[PDB]
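Listed next as structure tokens is one chain, alone, in the form deposited in one PDB entry.
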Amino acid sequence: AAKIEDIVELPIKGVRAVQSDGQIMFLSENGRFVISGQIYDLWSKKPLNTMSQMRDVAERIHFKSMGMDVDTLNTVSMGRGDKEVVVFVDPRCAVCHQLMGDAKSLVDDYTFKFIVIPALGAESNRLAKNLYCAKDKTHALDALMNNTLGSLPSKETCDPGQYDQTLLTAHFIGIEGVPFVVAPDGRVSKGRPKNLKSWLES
């Protein structure tokens, strides 16, 4: 337990990994600062040594490698396929509803984890709570998909705060917007894929 003697917030709003002359350096967004050295992904517990690895953290999210179990979040599952797809959705998000529709034709190859987050506020919170508190989750999936979550029978003792953990977690780990799809190989789609089936195969 080494103590931190001092901490200073630097005027850096962004960082690029830049490869040149057998080295990878870290250059700030307005180009004021360059850092020479080694970067370590504390969440996945590994050094990033190659540009493929830099590309990987920009492009992919590996929940298991980072020790994040999505089933512990406000999650409903659809399908029984051997490859797992993650989708962050708002209960009121129509594009999300459409995505969940396209996914029904894919349940033989994939198991979709729909992570419900009240990204759109107000009524979305009330809905996400109804999902989180529903007694019989076997009907949660259908209610989420039909925007009928409001009617779901609640557990007697279930009253979360307004700051939804799944939302906080998503915000924290860098999930932006809904729907947000993470393919089995970790590739992220910020929005609904043009064609879900093809996008999913790699």
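Start at 1 with the first residue shown and count on from there. Rigid core (definition): largest C-alpha set, two forms, superposition within 1.5 Å.
The discussion below concerns the form deposited in another entry, not included here.
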property: Rigid-core fit between this form and the one not shown, the member of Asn49, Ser154, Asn30, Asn147 whose C-alpha shifts 2 angstroms or more; result: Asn30
property: C-alpha of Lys13 off by 2 Å or more between this form and the one not shown on rigid core; result: yes
property: Distance direction in the other form for the C-alpha atoms of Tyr163 and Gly67, relative to the displayed form (3 angstroms or more); result: closer
property: In the other form, whether the C-alpha atoms of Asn74 and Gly161 sit closer or farther than here (change of 3 Å or more); result: closer
